[PDB]
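Have a look at the structure below before the remarks.
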Amino acid sequence: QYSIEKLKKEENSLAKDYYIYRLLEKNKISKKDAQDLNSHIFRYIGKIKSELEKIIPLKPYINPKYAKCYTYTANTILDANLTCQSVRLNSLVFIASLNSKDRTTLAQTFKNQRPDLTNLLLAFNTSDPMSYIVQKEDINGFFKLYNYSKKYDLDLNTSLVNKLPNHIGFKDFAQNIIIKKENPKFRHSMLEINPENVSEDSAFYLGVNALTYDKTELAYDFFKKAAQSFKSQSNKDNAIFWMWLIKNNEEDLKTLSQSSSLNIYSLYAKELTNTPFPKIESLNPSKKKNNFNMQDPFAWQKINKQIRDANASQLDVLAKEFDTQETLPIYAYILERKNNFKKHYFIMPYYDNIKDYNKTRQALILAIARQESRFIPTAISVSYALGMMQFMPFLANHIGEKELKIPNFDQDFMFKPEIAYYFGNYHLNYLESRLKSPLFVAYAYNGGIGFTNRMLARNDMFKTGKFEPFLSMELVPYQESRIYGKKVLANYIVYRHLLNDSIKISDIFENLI
Ligand SMILES: CC(=O)N[C@H]1[C@H](OCC(C)(C)C(C)=O)O[C@H](CO)[C@@H](O)[C@@H]1O
């Protein structure tokens, strides 16, 4: 392990963060060590921030211009200057805490210059502030109230709902209430949003919303708008798939089957149309090694940064240097960026560690590794998941120390490919024995078996229905897991194909119900 003094000499990165976090959790960072340490942290968010703050709390920040404004309370705010009054009224909790006579006074003070504040003040003088703000069609107020409390729910008329998409909060609002199946009056109201007023993710979610109310014509119009506006081909394909499922225009399915993006939708469309499986690149570097240490996490952070900030020209230089067997995962990574995501790279590095598993298991392992890490041995996530299979420390230590009783086990062994694949196999066995489907296994790998079980216990998820299992896949209640499953499923299909163990993706879909 590295001392704090040694780490401080490394460039700031997630790897340096991880090793600082390891010192913090072992109580090895003194109050003195901690003094300059925020400047040594690359991403000062989450557990590293809360551990550091147990040693040195942060006070900040109050803009010194307004410090005096924060010496008033709800009982003394009428003594504050007008600037201080309006700063403190940025907080809806602060407004809620005022007495109603003071809300009336302040509403009058601000009626001319700040009718937004007046609207919220008089709204909080009623038993339903959301109803008041909706009657005013105060869009900024609406979103401030929703952020304050998700519990408000009311029917919204055609005029009001068509104004909501112009506000930056709309996309997360729509996503959250549709996926969480919350705020039903708001959800029903959003059926009247004109597709002309939405785009991209928002249009797509509004298509999903319309399907849940069996408004299939409105759903088609939203999905069509999403397909026309999405920046990424994979998302466009997801929208075209819905266009096809709803109205069965064979030009939509034809366009989907010819996509440059390899995803479950394009793979499915290819299968339905007797279109050949997409071309998978074959990478076989003749040069066997270079000088790069594939086991140094710091070296990976540094080369990743360079690769991501390389121009079109510098990528060709890095491609050549890393065109070796030993650095195959870095090579494929460089090519994927360098060919602008047009070529399909599905490598199988360190294959000797999995070649004795059955091919279906090989493909599942490889499918997970590809999405988790792109096979980078020293991969570290923002939550400090580790190595090719991206194990969290807690589970790594549980398996390595308690279950397998590996002598001298340390969580950093997860950076060794033999260990990653072996532990991945071990955990995938647990999950698959309980869940069966590779899609459900992927949900549970990323999101946990508890979340997956709770989702599958629901009456409205992965049951029979007109648009199942595709609808359920859109309603997986955690965005990261919803995305992850779709990607890992595609990878799985590809690797099964590459291992001469093909399965029709239609069989996978049938088995979800
Ligand atoms: C190294 C790292 O941050 N890996 C994360 C992965 O990132 C995706 C990819 C392509 C490997 C990138 C962007 O590095 O996304 C997964 C969720 O889909 C996470 O479970 C992984 O922890």
Side-chain angles (χ1 to χ4, degrees), residues 13-19 21 42-43 45-48 232-235 238 261-264 294-310 328-341 343-349 364-396 411-412 414-417 420 423-424 427-428 431 438-449 451-452 473 476-492 494-495:
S13 79
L14 286 175
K16 175 178 171 182
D17 285 9
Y18 167 59
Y19 284 107
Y21 178 77
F42 179 81
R43 183 177 177 284
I45 296 180
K47 299 160 316 218
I48 198 171
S232 100
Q233 186 65 48
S234 191
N235 289 333
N238 195 160
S261 167
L262 198 162
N263 58 68
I264 60 173
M294 292 291 292
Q295 285 301 119
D296 175 358
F298 303 104
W300 167 242
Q301 293 303 315
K302 193 181 175 48
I303 208 71
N304 196 22
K305 175 192 304 188
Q306 279 168 48
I307 291 165
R308 285 177 161 301
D309 201 40
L328 181 58
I330 302 179
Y331 186 51
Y333 187 98
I334 296 170
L335 288 187
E336 193 177 340
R337 318 208 89 244
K338 176 228 147 72
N339 285 315
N340 285 301
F341 300 81
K343 296 194 167 194
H344 311 310
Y345 301 100
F346 285 74
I347 61 166
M348 313 184 170
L364 181 59
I365 293 170
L366 290 165
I368 296 272
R370 186 171 182 285
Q371 173 57 22
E372 285 296 352
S373 63
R374 286 294 194 264
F375 302 101
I376 298 301
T378 60
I380 302 174
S381 84
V382 296
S383 58
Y384 317 140
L386 306 174
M388 296 199 311
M389 294 297 285
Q390 288 284 284
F391 275 84
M392 282 301 173
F394 187 76
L395 176 62
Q411 66 188 50
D412 288 5
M414 301 317 302
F415 297 150
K416 290 167 198 183
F423 284 36
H427 191 55
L428 290 167
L431 289 176
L439 176 65
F440 296 159
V441 168
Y443 293 146
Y445 193 98
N446 174 254
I449 198 171
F451 139 73
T452 303
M473 297 170 72
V476 169
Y478 294 107
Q479 174 172 22
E480 180 174 320
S481 290
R482 179 160 79 250
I483 294 170
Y484 182 92
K486 294 174 184 191
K487 293 175 175 235
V488 169
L489 184 55
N491 294 341
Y492 170 83
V494 176
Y495 278 117

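Count residues from 1 along the sequence. Computed over heavy atoms, backbone and side chain alike; hydrogens, waters and symmetry mates excluded. Read the numbers this way: they start at 1 and go in the same order the structure lists the ligands and their atoms.
Counting only N and O atoms by type, the side chains of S383 and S381 include a donor and acceptor under 3.5 Å apart. Judged purely by distance below 3.5 Å, without hydrogens or angles, the side chains of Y384 and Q411 never pair a donor atom with an acceptor atom. Side chain to side chain, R308 and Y333 meet the donor-acceptor criterion of an N or O pair below 3.5 Å.
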Starting from the N and O atoms of ligand 1, find every protein N or O within less than 3.5 Å and list the pair with its distance.
residue  : atom   : partner : partner atom : Å
ligand 1 : 4 (N)  : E372    : O            : 2.8
ligand 1 : 4 (N)  : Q390    : OE1          : 3.4
ligand 1 : 18 (O) : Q371    : NE2          : 2.8
ligand 1 : 20 (O) : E372    : OE1          : 2.7
ligand 1 : 22 (O) : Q390    : OE1          : 2.7

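Counting only heavy atoms from C-beta outward, the side chains of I307 and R337 approach each other to under 4.5 Å.
Formation of a donor-acceptor pair under 3.5 Å by the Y445 side chain with backbone atoms of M389 is found in this model. Counting only distance, with no hydrogens or angles, the side chain of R370 and the backbone of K487 share no donor-acceptor pair below 3.5 Å.
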